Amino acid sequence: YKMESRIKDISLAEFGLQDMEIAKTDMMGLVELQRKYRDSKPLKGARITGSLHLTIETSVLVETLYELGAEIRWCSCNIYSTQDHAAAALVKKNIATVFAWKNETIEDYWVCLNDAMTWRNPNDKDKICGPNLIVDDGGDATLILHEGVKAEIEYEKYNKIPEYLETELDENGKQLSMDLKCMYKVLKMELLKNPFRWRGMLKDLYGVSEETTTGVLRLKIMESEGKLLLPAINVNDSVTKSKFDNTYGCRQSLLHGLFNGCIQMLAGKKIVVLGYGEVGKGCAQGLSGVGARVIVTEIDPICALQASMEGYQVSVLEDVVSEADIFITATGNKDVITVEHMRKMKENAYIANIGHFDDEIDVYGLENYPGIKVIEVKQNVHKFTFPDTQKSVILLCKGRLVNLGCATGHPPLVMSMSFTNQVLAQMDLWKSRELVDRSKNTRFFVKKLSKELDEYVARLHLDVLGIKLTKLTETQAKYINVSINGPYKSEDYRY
């Protein structure tokens, strides 16, 4: 009787269970949903698949979904972010089937995702079937689904494996990213097992809730091109998520990540924060809090002025690359820090990325620079030395998100706010499942939760911090044209 979950160690379960209980002290949003909905079980019968950093905080999310009645299969959306003790808790209590561990190979990542997406047909002659709902962080669960369908249609056309899957090259001629090569390797394997797999999932698939900015961007592109195959909810852009998680969460988790990976003192150092959006604002605020001299880079004139108003210098990377001490990428873009920028940096300069993917820093070009010399400084920290100048740079966790790679990500309070939106999004998608009609080619769309619910998430966490909310009088409520119980701001308010 072997277990189907693949994790590091099951005996670490008890530590994970005690950390979940401690975290729950601050996660009053998820604690309230469990208290309120565990009897009625609003998600009963739902098969949920999650692709999201399996941390302690996430384990409480999965438990919340379980207590509400869903069967769950889960994996991580990054090779370095899983907390093995959190994973073990879920498996020990039989809360969810898990395919996740810390320090996975890229190939392991894609097999764990595919397995998480695979469901056995219960009492209907066991064969392949998919999930009903998806919890996604970065869009990888959503991508494999879409790329699977695309690969299957292309397969029937010529009745053979599509040429783009087998090849290692791309449209241009350069080497494909390891992430793509492994994803294609898995799709090719599934075409040989069963070429109707991905399209078979669509009939019982009712929606996906996306957690982060980069995943939402991917979802919006598909929506405008009319290629979105399931309804979706943008959890990232809820006020109680983007204004707290992205900003305040990072203020603390970036520092935790830098302290663990970088041995140096952040005070007095020139630290460049590339991108001054919701994540960058938080990164800059924490770095200043500990004495760093932050220097910002931006493409957006509005964001540039905001950094300027907070006392920060705004330069282009090329003018400070030789004097700066530390570089933190928070743009969600690609090739922000190139091999050529890295060759100009000072001795032992530190490079980190807090964006979702490792495309911001050119890690592939760094690792494959002719005659590069690399050494492990500690777990998930590497020093690269160029052969011509003999100068080095220290990269934190191969360009993957530093707060989750070298630390544990955001703390429970802000995660409960993000995850309360997730549960509320999952319920909305599940309760609406009847409107999803697969007959007429009705395009699928991306929507946000109501402001009513967004304020509700905030109300659920006021007691954690001993916040005493003032209440409006009928006259006051009428004077500012709002209901005593809200909402209190118009739909375009920016907080």
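Residue numbers here begin at 1 and follow the sequence given. Here, rigid core means the biggest group of C-alpha atoms that superpose within 1.5 Å across both forms.
Visitor: Any chance you could tell me whether 166-174 or 306-314 drifts more in 6 other deposited structures of this protein, judged by RMS CA distance from this form after superposing on the core?
Guide: Per-stretch check in 6 other deposited structures of this protein: the more divergent one is 166-174.
Visitor: Coordinates for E323 lacking in at least a third of the other PDB entries compared?
Guide: No, none of the compared structures omit it.
Visitor: Specify whether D124 falls into a modelling gap in a third or more of the other PDB entries of this protein.
Guide: Across the compared entries, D124 is left out in at least a third.
Visitor: In the PDB record, does 53-61 or 433-441 carry the higher mean Cα temperature factor?
Guide: Taking the mean C-alpha B-factor of 53-61 and of 433-441, the larger value falls to 433-441.
Visitor: If you average the CA temperature factors as listed in the entry, which stretch comes out higher, 86-94 or 163-171?
Guide: For C-alpha atoms only, the mean B-factor is higher in 163-171.
Visitor: Have a look at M222, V314, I354, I271 and flag the one whose Cα has the highest B-factor in the entry.
Guide: Answer, based on the entry's C-alpha B-factors: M222.
Visitor: Quiz for you: based on the deposited Cα B-factor, which of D245, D124, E298, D237 is highest?
Guide: Answer, based on the entry's C-alpha B-factors: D124.
Visitor: Going by the recorded CA B-factors, say which third of the chain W101 sits in, lowest, middle or highest.
Guide: Tercile = middle for this residue's CA B-factor.
Visitor: Relative to the other modelled residues of the same chain, rank the CA B-factor of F196 and answer lowest, middle or highest third.
Guide: Within its chain, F196 is a highest-third residue by C-alpha B-factor, going by the deposited values.
Visitor: Could you place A46 in the lowest, middle or highest third of its chain by Cα temperature factor, using the values in the record?
Guide: Its C-alpha B-factor belongs to the highest third of this chain's values.
Visitor: Would the CA B-factor of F384 place it in the lowest, middle or highest third of its chain?
Guide: It falls in the middle third of the chain.
Visitor: Ranked by Cα temperature factor within the chain, is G405 in the lowest third, the middle third or the highest third?
Guide: Answer is lowest: the recorded C-alpha B-factor places it there.
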